[PDB]
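Working notes, structure below.
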Number of protein chains: 2
Amino acid sequence: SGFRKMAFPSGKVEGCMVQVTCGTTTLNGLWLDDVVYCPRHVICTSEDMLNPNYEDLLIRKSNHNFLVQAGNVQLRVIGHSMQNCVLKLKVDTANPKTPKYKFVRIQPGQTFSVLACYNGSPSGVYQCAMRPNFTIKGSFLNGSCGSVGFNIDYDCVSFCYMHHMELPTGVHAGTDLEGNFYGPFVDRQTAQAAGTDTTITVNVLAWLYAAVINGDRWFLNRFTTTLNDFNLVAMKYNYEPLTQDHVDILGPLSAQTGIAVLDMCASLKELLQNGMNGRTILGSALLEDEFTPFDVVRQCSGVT
Amino acid sequence: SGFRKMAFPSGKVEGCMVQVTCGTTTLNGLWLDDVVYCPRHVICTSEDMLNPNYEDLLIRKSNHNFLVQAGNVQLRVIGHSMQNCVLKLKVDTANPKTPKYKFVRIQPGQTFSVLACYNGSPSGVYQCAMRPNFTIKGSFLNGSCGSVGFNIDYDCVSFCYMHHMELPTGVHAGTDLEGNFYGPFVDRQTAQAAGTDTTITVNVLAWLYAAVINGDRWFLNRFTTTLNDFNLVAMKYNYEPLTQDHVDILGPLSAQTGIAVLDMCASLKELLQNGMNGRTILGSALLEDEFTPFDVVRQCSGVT
Ligand SMILES: CCNCc1cn(C)nn1
Ligand SMILES: CCNCc1cn(C)nn1
């Protein structure tokens, strides 16, 4: 019993982190096979960052300018290329600790683990969600860029995020491992404001199911609703619309608990309209939206 | 910027987890050097668990009854002993992945990371606090026993917890790595009720400092207080008394923010008396008490 915000075990990713230095900028790289992946803004002077031309900046760079250190050993860079907003540094040594891996681009509402690193050294691991506005609410200090987000399917690491940017509002922006930003963000020190940070409704419902499974049931009411009626209330509270696809995904939790998804929607509707009245659910005073239905099933079933 | 409930990178501990089987019971062991540490209740039939005599049960056990598997390879058990509530299985092979390590017994209010494991395989990592009533609020299913709690100081893993028990109220009890239970709990399926789960005041204050550092300042007020005045209010709200030792420990956060500890106590006093009025602090609607002052300094400074 019990339900925690749980990250994937980080060891397989710890084995991939290296330090990348270009001039006076040090950040983190991801070493998979004989390629080190890092944010292309490693080549920028904080001045450059105001209006950088990456293709022009890169003409001034040679392989030997990219200093890559794996623990206390230097890697030899034998080539470099820019793909979207990431650099790919080809090194002469395959990472011997390379796990089975994939690069995936996640959807808003999907969760992942972040291994926060500084100077290629892991500092901690925490669980994130891609927000509906394509920001993440991370914990990143200067030097943390190139830290990565991932999911693990048994022995295969799916890398989904690389950290690039903090917005003036202290939320985070980054790329998939093909170097494509999530959302409208760019690797430039400019006015970038996030859109509405809506609540990931299907994740809240998942977490309410987690609550029932773990004996927190005070919020269960006598009501039901419809997708359309629920969605009118969701919209009013800046919740993401619930689709039949979401209902289908919650089916297994529905089955396990015997609470119809639309009944749980009617519980959530009353929580939105009435608040928590100073009560908690799974030790939270707000409705948690950074567990997916898959997360709740995984944690409630003990997958390794 | 940003502040997350962050666990230590788990890789050094992942390298230590093994499966221990005695008859039909499989749980987790910790393999350090040529010793596997596991809960002694591995020898119990769920029946045994009602009133177990461990010394008598152990007379019926031989080395060859303890099946220890590290990944898909069997370890040879060449001796076993009981220390308090843990078994020490001596194996013929030193764990080649043994990190620098210590066994420490933590105090209530101290935080640590848990690597939740099943069949010797890591499932996730999360951050816990030893509660003032010597329970922890974990995420543990059947098979999770022998999962461990730890802190990391650069390259040295301090092991502080091994998971043994779920209480009827779904909170968790376990031992240090010398096999001594935290609190009054025993490895018997009997009436064990936890005492008052008080709030770890010094940790709340630490987290309020974390909030100010990260730009959440709405709760800062014009007031101060005294340790004695604050403690009268703390007692009323089932908060742990604040000592001068706690004030001393918060000194560095005081210095960094220029908010005197007693001023922050007066902010916390108003939050207790007035509530949050539907506002959040670092994305929480309740006062978080599972960050130590050391945690806040570490995360706010980016220690690896
Ligand atoms: C535009 C990316 N090509 C740069 C380069 C040059 N060399 C020798 N290796 N990589
Ligand atoms: C009471 C603990 N001693 C048990 C034992 C017996 N052998 C051969 N190895 N360990």
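Measure nothing fancy, just the Cα-based angle from helix A:261-274's long axis to the longest principal axis of chain A, in degrees from 0 to 90, nearest 10.
Here the helix axis deviates by roughly 90 degrees.
Run the label-point distances for A:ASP248 please: 7 Å along Cα to Cβ, every other copy, nanometres, shortest first.
A:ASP248 label point versus its equivalents elsewhere: 6.3 nm.
Could I have the simple spin-label model distance between A:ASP245 and B:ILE78, label points 7 Å from Cα toward Cβ, reported in nm to one decimal?
Between A:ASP245 and B:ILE78, the label points sit 5.8 nm apart.
Let a ≥ b ≥ c be the square roots of the eigenvalues of the Cα gyration tensor of the stretch A:52-118; is it rounded (a/c under 1.5), or, if not, prolate (a/b larger than b/c) or oblate?
Here the stretch A:52-118 falls in the oblate category.
Please give the helix A:201-213 orientation as an angle from the longest Cα principal axis of chain A, in degrees from 0 to 90, rounded to the nearest 10.
60
Can you compute the radius of gyration and Dmax for the stretch B:189-304, using only the Cα atoms, both in Å?
14.6, 52
So what is Rg over Rh here for the protein assembly as shown, counting just Cα atoms and using Kirkwood for Rh?
With Rg and the Kirkwood Rh in hand, the quotient comes to 0.97.
Taking A:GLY215 in one copy and the same position in all the others, each labelled 7 Å out along Cα→Cβ, what are the pairwise distances from the first, in nm, shortest first?
Ordered by increasing distance: 4.1 nm.
Using DSSP to call loops (not H, G, I, E or B), can you name the trypsin sites (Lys or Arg not before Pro) in the stretch A:37-74 whose Cβ has at most 11 other Cβ atoms within 10 angstrom?
A:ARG60
Normalising by the residue count of the stretch A:202-304, find the relative contact order in percent from Cα pairs under 8 Å and 6+ residues apart.
Normalised by residue count, the contact order of the stretch A:202-304 is 48 percent.
What relative contact order, as a whole-number percentage, does chain B give when Cα pairs under 8 Å and 6 or more residues apart are counted?
Dividing the mean separation by the residue count of chain B yields 17 percent.
Taking the 0 to 90 degree range and rounding to the nearest ten, how far is the long axis of helix A:227-236 tilted relative to the main principal axis of chain A, both from C-alpha atoms?
That works out to roughly 60 degrees.
What spacing in nm lies between the two simple spin-label points modelled at B:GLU47 and B:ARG188, each 7 Å away from Cα in the Cβ direction?
1.9
Only sites in a loop by DSSP and with at most 10 other Cβ atoms within 10 Å count here; which chymotrypsin sites (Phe, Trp or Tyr not before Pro) in the stretch A:95-167 make the cut?
A:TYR154
Between A:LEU32 and residues 5 or more places away or on another chain, which pairs have amide H atoms under 5 Å apart, with H built 1.01 Å from N, and which residues are they?
Those lying under 5 Å, H to H, from A:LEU32 are A:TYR37.
Find how many whole Å separate the alpha carbon centroid of the stretch A:191-210 from the alpha carbon centroid of the stretch B:224-278.
Cα centroid to Cα centroid, the span is 32 Å.
Say a label goes 7 Å from Cα toward Cβ at A:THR280 in every copy; what distances in nm does this one have to the rest, shortest first?
Result for A:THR280, in nm, nearest copy first: 1.7.
Please compute the alpha carbon radius of gyration of chain A, then divide it by the globular-protein estimate 2.2 N^0.38 Å. Two decimals is fine.
1.11
We place every Cβ from the backbone using ideal geometry, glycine too, and count neighbours over all the protein chains shown. Since every read-out is calculated from the coordinates, none of them should be taken as a lab result.
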